[PDB]
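Q: Give me a model of this one.
(2 chains, ligands or ions: 4)
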Protein chains: 2
Amino acid sequence: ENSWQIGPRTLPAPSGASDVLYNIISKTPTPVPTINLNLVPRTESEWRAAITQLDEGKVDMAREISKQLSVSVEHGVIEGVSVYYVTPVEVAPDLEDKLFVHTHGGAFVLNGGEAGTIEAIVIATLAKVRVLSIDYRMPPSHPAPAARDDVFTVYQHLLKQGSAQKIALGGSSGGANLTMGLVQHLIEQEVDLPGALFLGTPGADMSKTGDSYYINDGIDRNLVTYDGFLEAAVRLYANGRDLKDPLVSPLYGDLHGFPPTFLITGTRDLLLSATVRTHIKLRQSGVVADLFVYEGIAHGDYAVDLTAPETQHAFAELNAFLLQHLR
Amino acid sequence: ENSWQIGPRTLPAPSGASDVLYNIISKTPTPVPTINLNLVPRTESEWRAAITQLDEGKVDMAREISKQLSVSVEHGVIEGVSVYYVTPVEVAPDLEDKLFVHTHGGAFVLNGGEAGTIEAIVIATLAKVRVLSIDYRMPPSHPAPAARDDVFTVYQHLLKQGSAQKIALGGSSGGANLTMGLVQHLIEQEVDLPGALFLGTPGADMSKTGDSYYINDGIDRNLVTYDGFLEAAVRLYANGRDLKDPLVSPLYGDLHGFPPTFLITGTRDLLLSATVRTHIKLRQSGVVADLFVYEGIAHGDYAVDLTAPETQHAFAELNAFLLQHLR
Ligand code: NA
Ligand code: NA
Ligand code: NA
Ligand code: NA
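A: Numbering: from 1, shown residues only, chains lettered A, B, ... in the order given. Ligands and ions are numbered 1, 2, ... in the order given. Shown next is the structure:
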């Protein structure tokens, strides 16, 4: 109760953002925290229903972007793990022998299958690099650490094929969580590390620790609130582990030895704190880490409209970051 | 009215911050907007009283830190401009021939005289570099562009003595504003630029534009709110100019050609948006710009307690930043 009671605030669309983002936000209704507050699956069957509902239309969006941008998206399997090969029409000359291994976002149970390729498609086209998106097994059907295992399995296979230094690894939210956890494991096991990491709005701390969980409650148009669904998803993922257990919230683990890391979030992101806390911990641990925070941007909004100047800039920066660090 | 109405929120002290910062925040009472809402000087006499009131105790803190850290703070005059030579006991070997020219924060009327040396002392001692803090003339007695002129006068004098490349320039809030405006002037006039800039919580856009003005209203324990005093101070500074005039809000000006820039802010900063929008605009303009956002930190909180790990880290990064860019 040493906490602050903040009165109601009024939040206008941000004229500081691009016209594209300003218009997106301006057309977004005030986020409604009761939906996510009331979406609390308890049974595996309720989970399957919630998940389907939340994933609705994702595949359609993915294919639409793919067709429009001439991105090839092809399902395959690597050592039993579902993957998607995502090839853009233009691969940067110096990224021609490089690979971006992508781990999709969503809160640990979302974006299975082709639904998870949206961000991979964005990265592929705009960062001009081939992407391999890992369709890792998720709860409720496949409790942790099935997802962790899948990412590790694909990564190990890739190292049989070529140098880890030519590989970038990452993604957003829950996938960024697996990415951080994987890298920590690799460092422990003295396995070769990726040449670079991408952590977009990472689910780095899934306990309700972080200013933005409180400050941006009702302000992040996508996650809206930690309470209800997100916490339930986190707890499903945690599978009995403490939420500050580094296996659940990798921010609490050691970040020394991390490859150069690129992080992105925005002023309205519920995971803004998770992101900047991670960026700071990386820097404090002697890691090259570049942070980008976009005015107006909520969780994942940097990869929702390819015409946003924010998005075009962000991935042009990612491209430059991959050119600098991958070899 | 395309705005979102956000319900009241509860903001606990941030466990993700350092213990030092957590205890500082935890001991800070809920910010109270009404005070700054009611502090609205209209007359020059009322300004002088408001300013005196707000500056109260600053010199004492400056002197206390100085003594405690063995920092020499010496008043002088350069071409008629009041300055403070701030010399730390330890200057980094490769910063021995370098100089950090500091422009104090406060909202355009505050921290005159020795009161302005606090951040200079923190920078000098933690970044291990000599600081020359410019005590520029401010409203109400000296309307803009007196401050602008004073900073330019000192800078021009310094270029007569040595290479601009050996000089870093910057500070926070209002001073950061002058810094941005000065560099834009220098670029226009084809004058040699500093080797590096420091923009802490910059007053880069002083119109009420920026998510953080709204999101962090009542959450920044220092500025608290834009309404009332801060707006009054901005308008006094503007002196009839539009608040988006680049001479008032340099974010709106051209940032191409800027030297490498180091920016710092935090999750609770009312000027978080000003900061990240500047960082993004700099990066979009081909400028080297490194952003640091600290969980829990509000306007200027990165230079308020030298024992905070946030502060120690931030200025160790600044040190590394100056070592890389000054030559
Ligand atoms: Na930024
Ligand atoms: Na001031
Ligand atoms: Na002054
Ligand atoms: Na940060």
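Q: Name the residue of the stretch 51-200 of chain A that lies nearest to ligand 1.
A: residue A:200 (13.4 Å; C-beta to the ion). Where you see a C-beta, it was placed from the backbone N, CA and C, and this is true even at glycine.
Q: Kindly tell me how buried the nearest residue to that residue once chain neighbours are set aside is, as a neighbour count.
A: With sequence-adjacent residues excluded and distances taken as C-beta to C-beta, 6 or more residues apart in numbering or on different chains, residue A:200 is closest to residue A:172, at 3.9 Å. Neighbours of residue A:172 under the rule other C-beta atoms under 10 Å in any protein chain shown: 29.
Q: Contacts only, for residue A:89.
A: A:69, A:70, A:71, A:125 (C-beta atoms under 8 Å, 6 or more residues apart in numbering or on different chains).
Q: hmm, back to that, could you list which residues are in contact with the residue of the stretch 51-200 of chain A closest to ligand 1?
A: Residue A:200 neighbours (C-beta under 8 Å, 6+ apart): A:105, A:119, A:170-173, A:176, A:263-265, A:300, A:302-303.
Q: Sort out which of these are in strands and list them.
A: A:170, A:171, A:172, A:263, A:264, A:265 (DSSP state E).
Q: Tabulate those in a markdown table, adding columns for distance to ligand 1.
A: Output for the ones in strands among the contacts of residue A:200, formatted as a markdown table (distance: C-beta to the ion, whole Å):
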| residue | distance to ligand 1 |
| --- | --- |
| A:170 | 18 |
| A:171 | 20 |
| A:172 | 17 |
| A:263 | 10 |
| A:264 | 9 |
| A:265 | 9 |
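Q: PyMOL command to pick out the buried ones of these?
A: Restricted to buried positions by 16 or more other C-beta atoms under 10 Å in any protein chain shown, the PyMOL selection for the ones in strands among the contacts of residue A:200 reads:
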select buried, chain A and resi 170+171+172+263+264+265
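Q: Surely the residue of the stretch 51-200 of chain A closest to ligand 1 is in a strand?
A: Yes: under DSSP: H, G, I helix; E, B strand; the rest coil, residue A:200 falls within a strand.
Q: How about the residues of chain A by ligand 1?
A: Taking C-beta under 5 Å from the ion, the part of chain A that reaches ligand 1 is made up of A:292, A:293.
Q: Now residue A:144: phi and psi?
A: phi -50, psi 150 (degrees, to the nearest 10).
Q: Surely it touches residue A:240?
A: No: at 9.8 Å, residue A:144 does not count as touching residue A:240 under the criterion of C-beta atoms under 8 Å.
Q: who has more neighbours, these two?
A: Each of residue A:144 and residue A:240 has its neighbours counted (other C-beta under 10 Å); residue A:144 has more, 21 against 9.
Q: With adjacent residues omitted, what lies nearest to that one?
A: residue A:239 (5.2 Å).
Q: Now for that neighbour, how many residues are close by?
A: 12.
Q: Tell me who's in contact with it.
A: Residue A:239 touches A:139, A:143, A:144, counting by C-beta under 8 Å, 6+ apart.
Q: go on, residue A:217?
A: A:33, A:224, A:225, A:226, A:227, A:270, B:9.
Q: how about the contacts of residue A:200 in CSV, adding distance to residue B:293?
A: Supplementary listing: those in CSV, determined by distance: C-beta to C-beta, whole Å:
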residue, distance to residue B:293
A:105, 20
A:119, 23
A:170, 19
A:171, 21
A:172, 18
A:173, 19
A:176, 17
A:263, 10
A:264, 12
A:265, 9
A:300, 18
A:302, 16
A:303, 20
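Q: thinking again about what came up before, turn the buried ones among the contacts of residue A:89 into a named PyMOL selection, would you?
A: The PyMOL selection below is limited to those of the contacts of residue A:89 classed as buried (16+ other C-beta under 10 Å):
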select buried, chain A and resi 69+71+125
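Q: that older thread, so the residue nearest to residue A:200 is in contact with residue A:107, correct?
A: No: counting by C-beta under 8 Å, residue A:172 stays clear of residue A:107, with 10.5 Å between them.
Q: Secondary structure element holding the one residue in chain A that gets nearest to ligand 3?
A: Residue of chain A nearest ligand 3, by C-beta to the ion: residue A:16 (28.1 Å). Per DSSP states H and E, residue A:16 falls between elements, in no helix or strand.
Q: Test my guess that it contacts residue B:207.
A: No: with contact defined as C-beta under 8 Å, residue A:16 and residue B:207 do not form a contacting pair (9.5 Å).
Q: Distance check, the residue of the stretch 51-200 of chain A found nearest chain B against ligand 2.
A: Closest to chain B within the stretch 51-200 of chain A is residue A:199: 14.2 Å, counting by C-beta to the nearest C-beta. Noted for residue A:199: a distance of 37 Å to ligand 2, by C-beta to the ion, to the nearest Å.
Q: doesn't residue A:173 make contact with that residue?
A: No: with contact defined as C-beta under 8 Å, residue A:199 does not count as touching residue A:173 (9.7 Å).
Q: ok, what's across the strand from the residue in the stretch 51-200 of chain A positioned nearest to ligand 4?
A: When distances are taken as C-beta to the ion, the stretch 51-200 of chain A reaches nearest to ligand 4 at residue A:199, 11.8 Å away. According to DSSP bridges, residue A:171, residue A:263 are recorded as the beta-bridge partners of residue A:199.
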